[PDB]
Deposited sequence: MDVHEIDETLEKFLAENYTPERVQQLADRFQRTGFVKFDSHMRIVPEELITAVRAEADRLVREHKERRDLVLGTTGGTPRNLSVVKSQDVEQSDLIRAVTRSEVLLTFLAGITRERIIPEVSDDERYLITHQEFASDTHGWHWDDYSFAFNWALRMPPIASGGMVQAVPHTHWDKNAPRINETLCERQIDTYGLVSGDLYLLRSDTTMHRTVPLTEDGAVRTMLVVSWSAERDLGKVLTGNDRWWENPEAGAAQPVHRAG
């Protein structure tokens, strides 16, 4: 199945997306920092999600959090998460070039009550996440997002940021994907409420031109 992934996605995307539909998602992505690809808005065909899930549960059995270099050992994940077809398509949503170049990958695995990935920003512009396994909404695990913010590393003022803004909450079901503007959207996961609530996330980090400019200047400018 390898190397044919490109044609498989180019066909799937071309059949399911008009340019106008992509521009509506671009509007939503700019407004909210967040686009969810659920069963009503698939971006990757179901067979490849089951495959990526299979690869992730295998890497989880040798962890919980799986660090980037371990995740990078999967050839399927590298092929999908760097597919020029997928990156070009998603740049219609970001309305800017995506640069798939560090901590490139990560697999979170939550299970015990109060499991959380607390409020934070990331140093890169984009997060492309696969919610391979998600507990029911009542068990927690939703993503929460505060767009149009920024990380002041000398005084992040997370709680004062919440007082100035409204929090969006996104429920996820197993197999959902989502794109996040991870540098200006403060985000977190909702703590798990039960033990035995399995939450497995593949996180993929990409850059924009602004992230290359920050590297070249060593400065937020």
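Absence of C-alpha coordinates is noted for several segments of the deposited sequence, namely 1, 65 to 82, 121 to 123, 244 to 260.
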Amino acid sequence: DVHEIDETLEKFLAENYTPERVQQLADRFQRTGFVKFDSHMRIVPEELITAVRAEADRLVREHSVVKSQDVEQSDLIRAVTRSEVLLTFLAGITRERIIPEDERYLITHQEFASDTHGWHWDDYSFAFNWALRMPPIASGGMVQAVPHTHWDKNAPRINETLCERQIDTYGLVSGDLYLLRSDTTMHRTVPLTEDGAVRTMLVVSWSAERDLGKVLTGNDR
From here on, numbers count along this sequence of modelled residues.
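In this crystal structure, the stretch out of 176 to 184 and 46 to 54 whose C-alpha atoms carry the higher mean B factor is 46 to 54. Taking the mean C-alpha B-factor of each stretch as recorded, 85 to 93 and 67 to 75 are not equal, and the higher mean is that of 67 to 75. Reading the B-factor column for the CA atoms of 189, 193, 169, 32 in the entry, the top value corresponds to 193.
The residue among 198, 202, 22, 212 whose C-alpha atom has the highest B-factor in the PDB entry is 198. Remark: residue 124 belongs to the lowest third of its chain, ranked by C-alpha B-factor as recorded. Per the deposited record, the Cα B-factor of residue 38 falls in the middle third when ranked against the other modelled residues of its chain. In the PDB entry, residue 116 places in the highest third of its chain by CA B-factor.
Among all modelled residues in this chain, the alpha-carbon of residue 108 has a temperature factor (C-alpha) in the highest third.
When the CA B factors of the chain's modelled residues are split into thirds, the value for residue 143 lands in the lowest one.
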